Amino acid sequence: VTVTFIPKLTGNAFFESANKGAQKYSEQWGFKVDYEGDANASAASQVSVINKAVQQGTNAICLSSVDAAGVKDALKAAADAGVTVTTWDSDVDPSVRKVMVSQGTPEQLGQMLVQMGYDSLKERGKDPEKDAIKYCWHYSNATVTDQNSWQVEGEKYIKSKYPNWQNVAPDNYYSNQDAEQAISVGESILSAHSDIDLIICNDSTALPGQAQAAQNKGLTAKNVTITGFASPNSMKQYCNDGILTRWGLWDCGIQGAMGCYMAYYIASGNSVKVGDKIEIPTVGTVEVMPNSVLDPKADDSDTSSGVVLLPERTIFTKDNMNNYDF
């Protein structure tokens, strides 16, 4: 069996680390993972990668989507060619994939982002419980499924728990997963909103780009609070240089491996339904959940379509970041 493992883009540390995990585990499990993507985060590029993998006779795809709508037709065609379709990281329409391996619910992840920001704000001498904290979100793009679901839940949480906070840029800032653009956009936020208190960077490119922008402006964690999601090796130097205090992620290597395992398990002829408990060798037992764990409006009618959730997420600071190497 070959699983084609497709990232939102290659050459970003989150996706490279996820593939390192998929490669390590699939070698032990006895199947091939073909890592295929593009340097740009582009739905049209992902369609081309999907089509080429189908044409080459891949048995399965495990995809993290930059835009669900833009890959729907290609994934329907993949399934009609006999290819098992799964997702990880950022989902698509659940009617066109079997299992999604997700890092957490949008409520969990949106609240985690806000809580990291709250903690870092308090540590630089603000009173986030009461202050009119000025903030905004900086991430990849306005349509991707994962990051927008977190923004929606994080905004609901802020408006409920911290009504005094002020979103100074409600349209959000977008840097398209382009490393150089994330720096430039990070600089734009700090120039146009120079008194901003918190920038929530729920994207693995926006977070290091925003930290670099702050460093370019001579700022440290004492001036402005930046938090978000990124693999820890990409942020250690910024943290050692005092640019930010705290950010988060989860075990993206095991996540990529799990997504590829689910694709292999189904492509090998095993049926998977919501409620099943599946023993993934050397990882543990997972439970397939209904699609509505990621969106309460999701249709749960098809029990062959479901979600596996990672059991934990990770908050990094200078005190634990050196325990990790990805």
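We number the residues from 1 along the sequence you see.
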Item to check | Higher-B stretch (mean Cα B-factor, as the entry records it), 216-224 or 156-164 | outcome: 156-164
Checklist entry - Per the entry, where is the mean C-alpha temperature factor higher: 232-240 or 69-77? => result 232-240
Checklist outcome for this item: Entry record, C-alpha B-factors for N51, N291, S64, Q28; the maximum is at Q28
Checklist outcome for this item: Assert third(CA B-factor, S149) within chain per record equals lowest
Next on the checklist: Quick check on the deposited entry: does the C-alpha B-factor of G125 sit in the lowest, middle or highest third of its chain?
Outcome noted: highest
Next on the checklist: Quick check for you: using the entry's CA B-factors within this chain, is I6 in the lowest, middle or highest third?
Outcome noted: lowest
Item to check | Chain thirds of CA B-factor: placement of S188 | outcome: middle
Checklist entry - In terms of the CA temperature factor given in the entry, to which third of its chain does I254 belong: lowest, middle or highest? => result highest
